[PDB]
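Student: this one's experimental. Sequence and coordinates below.
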Amino acid sequence: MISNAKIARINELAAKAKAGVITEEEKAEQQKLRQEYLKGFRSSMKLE
């Protein structure tokens, strides 16, 4: 699961990725935490 602290961590890493300064380790954690966020999260715009 994910908490606000980890959500900030995601936005941190995402910014690192959008910038290009993100390392492989940061990338690995980013992908995982995004899944921790996707737990139960559905696409409201499509009701998917």
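Tutor: Yep, it's here. Numbers count the residues shown, from 1 in each chain.

Student: without its sequence neighbours, what residue ends up closest to the residue nearest the centre of the chain?
Tutor: Nearest residue to the geometric centre of the chain (C-alpha atoms, centre = their mean): residue 34, 3.3 Å. Closest residue to residue 34 apart from its sequence neighbours, by C-beta to C-beta, 6 or more residues apart in numbering: residue 10 at 6.2 Å. All C-beta atoms are positioned from the backbone trio N, CA, C, and that covers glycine.

Student: check contacts around residue 40.
Tutor: The contact partners of residue 40, taken as C-beta atoms under 8 Å, 6 or more residues apart in numbering, number zero.

Student: which of the helices or strands spans it?
Tutor: For residue 40, there is no helix or strand it lies in under DSSP states H and E.

Student: look up how far residue 11 lies from residue 18.
Tutor: Separation of residue 18 from residue 11 (C-beta to C-beta, to the nearest Å): 10 Å.

Student: then residue 30?
Tutor: Counting by C-beta to C-beta, the gap from residue 30 to residue 11 is 10 Å.

Student: between the two, which is the more surrounded one?
Tutor: It is residue 30, of residue 30 and residue 11, that has more neighbours when counted by other C-beta atoms under 10 Å, with 18 against 10.

Student: okay but the more buried one is in contact with residue 10, surely?
Tutor: Yes - using C-beta atoms under 8 Å, residue 30 is in contact with residue 10, at 6.5 Å.

Student: can you check which residues contact both of the two?
Tutor: Joint contacts of residue 30 and residue 10 (C-beta under 8 Å, 6+ apart) do not exist.
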